[PDB]
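Chemist: before the rest arrives, take these chain(s) from the complex:
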Amino acid sequence: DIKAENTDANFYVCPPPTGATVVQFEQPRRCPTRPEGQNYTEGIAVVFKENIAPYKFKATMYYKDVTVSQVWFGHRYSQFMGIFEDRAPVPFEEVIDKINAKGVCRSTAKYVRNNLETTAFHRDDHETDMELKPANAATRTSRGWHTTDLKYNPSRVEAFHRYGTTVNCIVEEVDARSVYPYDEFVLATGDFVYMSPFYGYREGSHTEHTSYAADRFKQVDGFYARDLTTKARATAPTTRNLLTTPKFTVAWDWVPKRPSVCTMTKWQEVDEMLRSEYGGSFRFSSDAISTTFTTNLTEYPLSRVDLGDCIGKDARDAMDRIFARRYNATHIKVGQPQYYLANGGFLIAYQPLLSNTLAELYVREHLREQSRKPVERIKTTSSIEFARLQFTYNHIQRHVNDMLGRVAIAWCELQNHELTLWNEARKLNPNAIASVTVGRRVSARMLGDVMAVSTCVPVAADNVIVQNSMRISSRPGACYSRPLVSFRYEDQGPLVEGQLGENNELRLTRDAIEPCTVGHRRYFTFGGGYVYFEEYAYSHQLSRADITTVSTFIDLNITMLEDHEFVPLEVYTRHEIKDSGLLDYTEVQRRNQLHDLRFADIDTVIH
Amino acid sequence: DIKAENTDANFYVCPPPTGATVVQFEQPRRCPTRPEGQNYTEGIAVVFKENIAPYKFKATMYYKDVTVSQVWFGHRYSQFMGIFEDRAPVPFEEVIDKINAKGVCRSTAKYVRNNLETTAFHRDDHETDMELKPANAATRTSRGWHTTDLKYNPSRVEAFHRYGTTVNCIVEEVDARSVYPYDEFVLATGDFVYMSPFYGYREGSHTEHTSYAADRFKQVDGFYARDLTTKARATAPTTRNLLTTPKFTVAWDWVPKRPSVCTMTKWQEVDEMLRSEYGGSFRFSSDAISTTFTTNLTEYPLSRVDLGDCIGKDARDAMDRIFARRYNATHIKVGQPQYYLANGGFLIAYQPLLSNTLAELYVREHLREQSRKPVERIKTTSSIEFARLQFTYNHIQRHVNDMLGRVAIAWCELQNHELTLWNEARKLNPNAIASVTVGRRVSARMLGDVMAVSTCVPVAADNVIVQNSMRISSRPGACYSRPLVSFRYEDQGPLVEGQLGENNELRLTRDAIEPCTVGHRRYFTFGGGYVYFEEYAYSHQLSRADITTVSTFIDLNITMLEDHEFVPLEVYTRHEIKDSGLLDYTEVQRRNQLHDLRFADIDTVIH
């Protein structure tokens, strides 16, 4: 007769439970604990990296240009038979006496060449004084001075061969380099000198190239140079080396070798560096830098380091400086500065810091720090980046776990408390609770604390019918609150008496009756929709859609983090760098090699 | 007699609460709000980086090889007294007239040398000027041409000296380079020329120190060159500079200095660049690039930039181009392009974009953009990476906070609503609720809205006993639903009457009785396990394990993100790159450096 409007829903019948099945609720679970916090030491660190260093210094050169020329005189014309050009060293004596003090130089050159002592006279004059003047201007040049502008050719005699001599004294300032602190350091030309800026009265290597009298090398102590141009005199003395090579004499100031070089560089200063002890290793993270470094716990011998006085020198300087500014009132130092080597070959100097508040701790901390305290070069990697990645990675990870962990605990605790609610709740409606718990529809009743359960049998939607009239003829004055129904499990046959219950439960028995009333209008969950009864009478059927909905649940909107691709990005390619400067190794090289071909002709061979 | 099987659990007794303690539930808490969303402007940006680079151009050289040789004739043999080789400039006139137009060149050279005008006649014959032909093939060479293959020497006359002269005209192409305008640009030799292609009356440069003799430099306007090889004539005129140096004459095309030079490079184009305003700074993020840039709000003066016309030129080009493709229908431009300088020294040009939909906004946006609008070089860092890190970091952070924040709100709201459930729940069972809330077992009853509470006293597990028979002799026909028990607080003494309650509560009074029934089987929470009663009679005891469990709680499985280590990774070690820069190392490096020493003559002196 009246069949459910809405097919979609299902129906169940639930026989009363018996002994046979019983179950218990789980008791509250133990909760996770938040991890002990990591402890961070405060401190100041400076970082050092490996360095080049070249050797660079200044020098002066004194040499003279000796030229002799031959001329043949033709009737109309003249021709050069040949021109001879030499360089002559200026003597130690001449340099000091003539050039340096006076600034005046001598025209004539007297030097050994080819195991012969040759002499030249300028402009075959009487020996005369010459006054040096600065060299003609050129861009990007060092200073230089020269006596003689002009060349001297023999006076004209017809049909004769003649020789003429010129001398030009030259002095120049030199930039000197030593690729390897060694026998040789180089001149502007790249003309080599076998001498060293370092030496130096005393050295082990003193032996190395000396089986000697003085002879060539001479040192003046307490040398005061005077500027040629200014003719100012040096305020302070130096030790002046002069080496006389056959071509020329060079002079420079002597300085002790060791302090000159030294290798290591002080990359950066971190006001706040944190040291962490994890994993049997140390972490130093610079917040600003956003780098983290990993080091062994043990400290790194400075003594091991070669040439590297500087490191201590710098380290204290920065540390002292930093402490005063930021630290001074605020914090107290613990222990003395410490050095660690970190992957990437960065050397870290650390100065642990203690807060004033903490200060009582100071004794204990000091002891620990001290225990840490215990020639090769250190190689450094070009790329920081890994440290930065480490820095970034850890921090983010730090947050994620921390926040998530809290949630988990919150979740767990929430569940435990909730159980209390559920316990009572099941009491009110064992079926509803039982069904949800099991996850299937079931019938249950409480036996004592424990709850019995039995499963329910589905009934076809098709086979359900609702009775038209709630009210009871037999015993008037009473009306049953809920509808009655008929149904059967299988299609073919029998019809079963029964009545409706909450959530489409067909209860076999029709116990529950209430006093009749007026204005008695109700809705019942029937099938997909609701069945509508009015005045204990059948009305129409509805669907859920008709009725406005409200939601128990609290919404959460969670979205994924979408994927991203990182494409190779570089300011510079390898090629670009090579191209960059200067300009090209390749371009230059191609040009240079070519040079002989274009300019000079080897080629011609003839039978 | 009947003692609990399962020790593990505890027992409590809970006396009824009095006035003395009362507590209230907390009221719902205020919830966090989701942050206002960040606003992002759309736009198109191009990025620029610093670049040096130096200047190159083509040039041609005309010079002649003048050689004179001496021979002595021995009886059998001949020997060279000596060979003289010179270069002679080819005259301006000769170049234009002879070489250029005709392509023919002449044997004879006439130039000043050593303040003398010397002349040479090639292969001393009454003069001929044959022609030029291309130079012999070489790899990686520029073009060149030369009149004379062979060298000429005097005919043999015995026991006499003779002189012979040769002339070979040479013309060559080849590249020229000028780093920057000053003073000289370089020719192949490593010799220099100082002329400037660059200037230019309309330039400062003329001022720079000048000799100057008029003659040497000459400019031809409306020059049409003809290719020597092809003998094609140039379609279009150029301005041809020729400079005659004593060695040679060089010619090239004059070009205005400025447009050639200039600097900064257009690194990349971003179709979609987002500008964000945070922190009193700007963020530009390129999604594809995955870089973010930080800039000051204020714009960066282009005028400040030195040599840098290009930037505008490029910027518009890209922007216009980009807009049409992607943007054209879709979006409308706002304002004119804007430039910002970002850390890392990247210059960003930005063109703000507006959507069509938004367009009404357009007036307002325009005003804001405009307000932004307000010689040095800009230095750029090699490494992008920090920006990328920033890009990566922010995005991830963005997600994490966003998602988490939502959860927190959801959590909060959930709690508030839950309170409603709890309020009723406590009503049903004040003890259970009260206990959980307090976190200890307590007894409570409701006085009005407020709930009173009192604490409970633990009872020893050992001292508890259960009565065998539920049923009551005295008043038959009634049976007590729950078991009765005896217990005492302390070991030694007295026994107390009492009965069981939920969760091992020993209630002093034994009120609650129900009608007797059959099939009355129940479980009670007793100690660790359950006590089993059948038919109002004692049966056996059980443990919890025996009974299958169901769980209220909804599981969550949360796992930590495990630590990771980043080890230094590099494609290239520094050395390898240097190795790449040709070429490598040690033995050669040893050899080369030495060169001056050995070749310069140490060996000895003869007095």
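Modeler: Thanks, I have the structure now. Numbers count the residues shown, from 1 in each chain, chains lettered A, B, ... in the order given.

Chemist: So what touches stretch A:113-120?
Modeler: The contact list for stretch A:113-120 (CB atoms under 8 Å, 6 or more residues apart in numbering or on different chains) reads A:66, A:68, A:86, A:88, A:108-112, A:165, A:167, A:246, B:604-607. To be clear about C-beta, it is placed using only N, CA and C from the backbone, and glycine gets the same treatment.

Chemist: typed the wrong thing, it's stretch A:414-430
Modeler: Against stretch A:414-430 from outside (CB under 8 Å, 6+ apart): A:25-29, A:31, A:433-434, A:437, A:443-446, A:451, A:502, B:421-422, B:425, B:428-429, B:432-433, B:436, B:552-554.

Chemist: same thing with stretch A:383-403?
Modeler: A:283, A:285-286, A:289-294, A:344, B:383, B:385-386, B:389, B:392-393, B:396-397, B:400, B:404, B:560-561, B:563-570.

Chemist: Filter those residues down to the buried ones.
Modeler: For these, a burial check counting by 16 or more other CB atoms under 10 Å in any protein chain shown picks out A:283, A:285-286, A:289-294, A:344, B:383, B:385-386, B:389, B:392-393, B:396, B:400, B:566.

Chemist: what number of residues lie near residue A:460?
Modeler: 14 (other CB atoms under 10 Å in any protein chain shown).

Chemist: Also the one 3 residues further on?
Modeler: One way to gauge burial is a neighbour count; for residue A:463, by other CB under 10 Å, it gives 17.

Chemist: Give the full set of residues in contact with it.
Modeler: With CB under 8 Å, 6+ apart, residue A:463 has these contacts: A:487, A:488, A:489, A:490, A:491.

Chemist: Put this one in as chain C:
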Amino acid sequence: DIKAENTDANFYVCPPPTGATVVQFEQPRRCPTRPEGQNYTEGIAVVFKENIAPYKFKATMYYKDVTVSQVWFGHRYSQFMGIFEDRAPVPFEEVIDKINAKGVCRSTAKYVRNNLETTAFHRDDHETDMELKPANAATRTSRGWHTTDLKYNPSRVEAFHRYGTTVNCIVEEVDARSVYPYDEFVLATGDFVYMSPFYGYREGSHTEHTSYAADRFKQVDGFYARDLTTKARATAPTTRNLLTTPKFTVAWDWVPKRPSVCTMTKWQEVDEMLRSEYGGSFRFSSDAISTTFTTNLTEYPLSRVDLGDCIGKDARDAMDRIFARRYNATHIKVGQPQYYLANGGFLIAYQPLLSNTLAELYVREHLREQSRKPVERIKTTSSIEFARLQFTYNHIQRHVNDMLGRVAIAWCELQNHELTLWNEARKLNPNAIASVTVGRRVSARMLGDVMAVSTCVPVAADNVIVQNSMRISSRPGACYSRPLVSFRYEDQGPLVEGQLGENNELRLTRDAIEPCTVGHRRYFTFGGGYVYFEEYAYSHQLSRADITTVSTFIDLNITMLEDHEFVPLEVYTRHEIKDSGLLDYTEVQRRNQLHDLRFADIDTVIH
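Modeler: Below is chain C, added to the chains above:
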């Protein structure tokens, strides 16, 4: 009379609901599912990068120094008329016979020069054999040997010109480098040679032409060199090329061209490399490396690669090696090694791995792998970093989504179950539940399953009054549990009878009465605070603050991840690299280029 102490709270009245409004609870929502896990293949990979490579090789040079000098004898003194210096090739025959086998050289030189065959004799007397002896020491040399220490000038005769000739045999290892795979290569001396080891003698190269007579170039097969110094004989033969240039003869060992040069380098080995198939691309992630690579699915032709035999050679070597150590028992290989090209131009060789457990799978996997299997150089980027970023980014993202996703499901499930609790709960107190659900105060009653609702009307705090005495005169022996009140909606007028209800509900009707009792003390929610009644009598009023609070809610503390800034950080910067060097490249170049300017002598031109 008695008005609320605490203003802050509001009051409501709730008329009974009617038909007019009804609502339903939402049914449980479908839950999200956890994504299918990604599948990862295990495998071993090696990575390769692009390489430079240069050519370098050893050489030997044999040449002689031929010098002739002229002297004029002055009365006292002597002078050099001139000195002639030449280099003479040492003959093929001489080298093999004399120098190589004997280690002896000859005084005389005989070579063609200037199309004349000149000869020189040393010491002019006539021949005696000369043993070679090592050259004088210099630091950083290659080896060399020379017969003759000293130079010769003719015996003195007065007023005569005389000639003297000197010959010094010289041999030197020298280093050789060649830019190009074909002929041209250069000495350490830097003189160019046109020859080359490079070509495998049978090669394409034969066609490539330099054409000459046979004599100059000769090859010896089965050459055994003997060390000059040691005078050891070579154990094993080589093929010895000798080229005789006019200046000198050079010899080196011939080797096949191709294998020498070749390309790509084997960057790294990854024990565990994971391949992932996503996005129509492959991901290889190295855990240790913390890089991820993206590749096309298809494999990359090795054959395409130019010079690159090595790759296979290395790849197998590592793979075989790796497998045994880690893999050997543990895993089984699938298929043969495979190669992919990844962005960044890294070539990846992959060897898929299968576990033993899985092994049944083996057939299927093999088929898939095989299907993948299908002259240019590959360019590689300097910077890994993007891959690392990708690696980092993905992993973190992986965690975040995974964990969060779980939470969402947990949340959803939790809500559904909770609904069960709510359903019953509303039953107990429809108003409280209804109000919360709606979010405003409302009145509701249950009609059947569905709940009716109506809204409530706020009442002024001001207009509420409480009745002093609970107890009822009329019917003594009964006392009303809750207080009675009077109120009115608006200020001016009427007073309404009513009574208190939970949460400041003023119920119009005063139904609910309980038996009178003693010790009847209660609290009622009144206004902000509580009203206190004792013994069914009015006492005083309180505030909430007075009473201690307990909280239902489970706390969560969630904090944001704070922003971070990454500042540009570079251990290595472009300038520093360029500088890095001794003295330094930039400084070199500026100085070097300058050289002509300062040194060169125009100096000036005059008539």
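
Chemist: so, the contacts of stretch A:113-120 revisited with chain C in the model?
Modeler: A:66, A:68, A:86, A:88, A:108-112, A:165, A:167, A:246, B:604-607, C:78, C:80, C:151.

Chemist: which helix of chain A spans the most residues?
Modeler: helix A:385-428 (DSSP state H).

Chemist: Help me see whether that helix makes contact with chain C, please.
Modeler: Yes: using CB under 8 Å from any CB of the partner chain, helix A:385-428 reaches chain C at A:385-386, A:388-389, A:392-393, A:395-397, A:399-400, A:403-404, A:406-407, A:410-411, A:413-414, A:417, A:421-422, A:425, A:428.

Chemist: buried stuff in the helix or strand hosting residue A:243?
Modeler: Of the helices and strands defined by DSSP states H and E, residue A:243 is found in strand A:238-244. Buried residues in strand A:238-244, counted by 16+ other CB under 10 Å: A:238, A:240, A:241, A:242, A:243, A:244.

Chemist: just the strands in the stretch 251-400 of chain A please.
Modeler: A:265-278, A:281-286, A:291-296, A:331-333, A:338-342, A:346-355 (DSSP state E, counting those that start in this stretch).

Chemist: The fifth one versus strand A:291-296: what angle between them?
Modeler: In other words, strand A:338-342. Strand A:338-342 and strand A:291-296 meet at an angle of 100 degrees, taking axes from the mean of the first three to the mean of the last three CA atoms, to 10 degrees as the criterion.

Chemist: Which residues does strand A:338-342 contact?
Modeler: By CB under 8 Å, 6+ apart, strand A:338-342 touches A:282, A:284, A:293-296, A:299-300, A:302, A:311, A:315, A:347-352, A:369, A:372-373, A:378.

Chemist: out of those, who's near chain B?
Modeler: residue A:294.

Chemist: Name only those of the contacts of strand A:338-342 that count as buried.
Modeler: A:282, A:284, A:293-295, A:299-300, A:311, A:315, A:347-352, A:369, A:372, A:378.
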